[PDB]
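First chain written, first letter: the chains are A, B, C, D, E, F and G, and each begins at residue 1.
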Amino acid sequence: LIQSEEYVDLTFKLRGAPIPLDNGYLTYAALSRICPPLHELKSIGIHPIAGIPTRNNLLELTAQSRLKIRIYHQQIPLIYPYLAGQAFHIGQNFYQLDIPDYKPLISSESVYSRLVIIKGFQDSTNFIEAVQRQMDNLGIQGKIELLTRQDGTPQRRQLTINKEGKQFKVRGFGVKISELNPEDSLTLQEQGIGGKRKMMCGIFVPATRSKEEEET
Amino acid sequence: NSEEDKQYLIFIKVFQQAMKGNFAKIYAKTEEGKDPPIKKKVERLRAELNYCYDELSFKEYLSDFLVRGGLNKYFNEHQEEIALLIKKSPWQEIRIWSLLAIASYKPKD
Amino acid sequence: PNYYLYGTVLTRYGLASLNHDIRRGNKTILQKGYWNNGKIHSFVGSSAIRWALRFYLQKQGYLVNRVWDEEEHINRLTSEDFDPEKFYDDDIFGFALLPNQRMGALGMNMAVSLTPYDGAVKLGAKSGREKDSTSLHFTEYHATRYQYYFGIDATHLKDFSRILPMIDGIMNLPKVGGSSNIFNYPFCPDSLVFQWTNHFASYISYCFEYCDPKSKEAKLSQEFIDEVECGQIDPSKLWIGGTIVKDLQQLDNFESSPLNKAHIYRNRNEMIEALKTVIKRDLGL
Amino acid sequence: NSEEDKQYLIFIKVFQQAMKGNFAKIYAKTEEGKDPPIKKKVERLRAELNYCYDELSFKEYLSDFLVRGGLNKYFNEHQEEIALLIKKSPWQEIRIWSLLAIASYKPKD
Amino acid sequence: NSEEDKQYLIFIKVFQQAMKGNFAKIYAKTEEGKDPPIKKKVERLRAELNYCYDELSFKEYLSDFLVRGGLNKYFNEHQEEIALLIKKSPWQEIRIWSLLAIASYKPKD
Amino acid sequence: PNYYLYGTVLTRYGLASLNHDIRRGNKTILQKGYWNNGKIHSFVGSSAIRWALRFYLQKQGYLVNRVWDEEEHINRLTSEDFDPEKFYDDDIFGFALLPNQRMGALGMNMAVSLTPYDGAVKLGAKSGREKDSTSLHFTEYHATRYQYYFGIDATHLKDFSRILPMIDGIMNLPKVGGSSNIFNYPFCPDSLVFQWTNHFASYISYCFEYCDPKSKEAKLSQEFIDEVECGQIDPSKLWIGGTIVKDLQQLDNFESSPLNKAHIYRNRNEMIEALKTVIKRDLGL
Amino acid sequence: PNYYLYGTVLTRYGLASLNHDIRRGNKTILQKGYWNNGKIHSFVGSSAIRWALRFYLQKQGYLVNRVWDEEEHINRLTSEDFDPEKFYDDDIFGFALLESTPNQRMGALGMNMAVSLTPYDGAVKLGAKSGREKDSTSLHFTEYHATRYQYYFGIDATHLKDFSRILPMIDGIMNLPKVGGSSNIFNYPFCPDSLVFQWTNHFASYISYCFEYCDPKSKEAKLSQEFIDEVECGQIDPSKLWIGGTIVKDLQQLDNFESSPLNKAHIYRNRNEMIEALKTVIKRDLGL
């Protein structure tokens, strides 16, 4: 019920060819090529693209699919002229961005993260204690829950970094966090958890997305 | 039978529900003793539908219209197939179906 | 003979929030669109500038049919019948009720920001009655200079002497947008490129451009300089005044360039006085 | 009798109601001492009907005409039947039905 | 008289009224000269009726001609019967009835 | 000999709302349709340009039949019987009464926006309170440079000397379209490609194209340059002028290219003077 | 021998309202019909192109029985009895005197209706009589179409009374005057921009409509794959094929063009050079 200040969500309407579901490095590299200043930013995160799943491991862009960027509101003039109205290419297809819209950062009792990556922690217990430690670093109190598939197993996801010729394997979990109160909820949403925040992972969304991801 | 017309019919149904929701929102917008028009709302919707110039226009228009339609159940159990129908098919056919839905909307209220 | 006054005027640098688009949601976003180089520029409607000019005409004491109350925020008409012979408003801006209509000597275009919009946004707390609640809403501001293009058909005026008050109003333009102008943005010219000619053709539409995308200084477009040098624009009909003159005079080969023989004044008032003298001589006032 | 004949007859009724609505709109549009149209508006409707090619143009024009007609009870009661009839069927047959409705609309006004 | 004979006679009267309207329109259009032709108009109508080769083309032409006729009071009084007769009957029989109506036509004195 | 003047005219960059579609509702729809590469382009009707040319002929004192009132906003015919020998407008644009017909010596095609039409709707509220039909309104505008193609059959003119006023009018074209109060769009050419030949074949129709789908920069299409280089389009009959001259000269191997042999003038007035000299020599004026 | 000159010519891209239909109401419609894939294309009648060719023959001197007045818009016959030996138009286009030397002639030119390369979707232009007064003749609509046009023609050269009259006909096809239409507001030059001519001595042509579109809403034009397959399979002798115009660049940009049999055809980017070479061959064959 509290709208966070100093942090907004720059949302660009996204359209183009069907896109891989594990975009990650693809989208980040395309934006970096379009926007050189995006590489050197620190407290910025890119939202997972919202669109229905298509065949293979691809993702199809809808009219409701939009590229959303979480950024300090004073740092917008550093990336706005490079992104607003410009076009970026993923592979061989051209994708166009229009004038973005600003969305305030709303507080929620229960927040959700698609994907949390912590270096060197692969098992569930070590991952959970690592996220507890990360909460302790930023002073947030809450209960950690892990998203589960239809079988109840904790969910794992993989991030593919195609740096140079070799391709890289970086993996993490998808958590659901509640019992946060609005102030700490906003603090967690702005700061995020884990690493690879610009890498389409580590950011937090309300728990409606948590249930939606739990569906499929 | 021949579920193409099933998709056509439930598209008409969710369009009628969405336009009912938008008319309710307009009813919320107006105030005081001024009579909230009903026929003028339909005329405005038709004019806005005819205002488009293919593809981008009328596709984001009708998606935004359905989004402002509100809590539409028939939309909720028919998200994926209606999205597929919208992504496919010519846009003028979608406009024809929408206009037919407008012409056959009233008996809801 | 038919006489026309074409001009592009460049405003002073500063924070701007004028003529906002639809106030959808909590945000008050600017009127922006595409411009040259395919970048997003903020626009200001020409209707607002015309209203500001009409308000200047009213405030200076000139007889105008439409009068702004300034308190009730209601526009009242002195006479139901429009008489361009007597009213400055009807003579200059024309009228239409739907001689029941008049075109009007003044013709303008939208003001365009010099530099592309950087996307800067400002946080503000608006008042609320829900137990003194303050809701955070977004307002957009652009730190830039605006330039607009206007055309005057002096012959079309019922009274030929009415051009001078219009030039004075363009120079001393009142506040534009009124309540919507959050930051008081002075819209008075900082640099002028006028043209007092007898031809319909004008090549001074938008002659200003930015050296760098983030700068507080302006430069004349290379296209305009080329047009002056080739001979398309007659230097005797060209009037340049304001801050841009200071930058122009430091250009190399300025004396040899055909731009020198154009009427160039560092002071805007001197250029305006000389142009008004020329207009009075040509119009037989 | 027969479902197709009933659908055709009540579609004729739908079209006649739509023309009544459009003619009332034209009546409201004109003012002063000028004579409102009666017959040359029917001629205009005929000319617009014959100015049609391919399935898309005629269906677009028919849907626009039905919406411009405004309120109509016959389309209100029968949504699925007329929606299917208009979406299906060759457009030339529907044009024939529309012209037949035009030629027999006048007893109402 | 059986009901089929009644509808057949009503259709003959409808076609005759349509020809009255079309010929009045022509007369208004070519008031110049000694007198607008009448035999030439009948020959034109016969040639155009004989031009039709299939059901769709003939029924399209018949509907267009009926609408061009005008009010057509006999169609006003008999919407459903005449509409069903035109829709159902084979186009050759309707052409035969139309030509009989042409032959049995009396120009207004 | 049958002499024909073909030409494609490119206008200056600006915000334009000139020709609108059927007006009803909130939006004033810009006259737009499909164009090359299957994207929506805004259009300006050729009838509007012909009206502007006729108005130019009227304003310069040339004897014309149809006269624009400028006060009643109606068209008055000085003579009920058209006489192409005496009246410029009847000679140039022809007439039809319904000899009572004339084909007219001027043939002009519709003006096409260089840049595709994307967005750019304008807000049209009228002050405050009294939200009548003159309340919240939407206006479509396009920020582009329009381009049109015309052709004059010089020998078809009743008086051969009347082609020169047509060229002058194409140069200084008066107001085209309607939204001049808020969207002042000068239609004077800034780049021209003229061809003065004695063949019915023309290969210069719509020779301009954009370099960036959202930029003001204009460039001669590679098809036109290929046509000139292959051997078609005799360079001696080709007249190119305007701001496209700089871009043409900056091309590599321009000196060796056959395009260098065409009459290329940066100053449009110089091109017009040379072309008029050639036309007067050929037509025996 | 019996020499025939077949050819398909493609016009330039532009806004076209050339051939219209019955007046209808206030809206003037184009002549359109289904052409391919069930899509509706706009057509230009071959009688319009024949009239344009006649006008070209009249303008460039020559002897034509029909003289277009161009002032009262009337047609005058210099001689009431058609003489194909003397008049160019009678020799080329034939005649038919039915009211009651032969009274009829089959003509040496056979044309087909010009078909728009692009399907006709919308494109209605609003037109107003303007002013403040309004009347019945105030608001009107005119259909246009932004497309290229493509038509097919064949010439029976031996059927000509004078064998040398084919050359002015080729010149007229090249420098065609305006094809009947609203040139005041839609000026559409009908001069060719791509040519596929065949100068053979047998009746089979196989080059009727060789141009097809890509991206159905674009100005780009390409040779149909059927025509290329016809050339490569062995049919259509390349030595008898004359290809010229802007399609030459696209043809030369094709892969394996040098190894293709299409490379052996007479391909000229400049239309004048191609016409000159073709006329040289025609003069050699016809003994002119």
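The rule we apply is simple: contacts are C-beta pairs under 8 Å (C-beta built on N, C-alpha and C of every residue); 3 or more make two chains touch, one makes a residue touch a chain.
Q: What are the mutual neighbours of chain E and chain F in this structure?
A: Neighbours common to chain E and chain F are absent.
Q: Return the chain whose centre of C-alpha atoms lies at maximal distance from the corresponding centre of chain A.
A: Computed centres place E farthest from chain A.
Q: Counting only Cα atoms for the centres, state how far chain A is from chain C in Å.
A: Averaging C-alpha atoms per chain gives centres 45 Å apart.
Q: Cα centroid separation between chain A and chain F, in whole Å?
A: 52
Q: Among the residues of chain A, which ones contact at least 2 other chains?
A: Correct list: 85.
Q: What are all the touching pairs of chains?
A: A-B, A-C, B-D, B-F, C-F, D-E, D-G, F-G
Q: Would you pull the chain A residues touching chain B in the complex into a rising list?
A: Listed in rising order, the residues are 13, 52, 60, 62-64.
Q: Going by the contact rule at the top, pick out the chain F residues touching chain C in the complex.
A: 12-15, 56, 59, 70-73, 118-120, 122-124, 127-129, 141, 143, 171-175, 180-186, 188, 190, 212-217, 243, 246, 266-270
Q: Hey, which residues of chain F end up touching chain G in the complex?
A: Touch list, chain F to chain G: 2, 21-22, 31, 33-38, 43, 45-47, 50-51, 72-75, 93-94, 99, 101, 103-104, 106-110, 112, 149-151, 156, 199-203, 205-206, 223, 226-227, 230-232.
Q: What residues on chain B touch chain A, complex-wise?
A: 59-60, 63, 67, 80, 83, 87
Q: Which of the residues in chain A come into contact with chain C in the complex?
A: 3, 5-6, 8, 10, 73, 76-77, 80-81, 84-86, 99-102, 104
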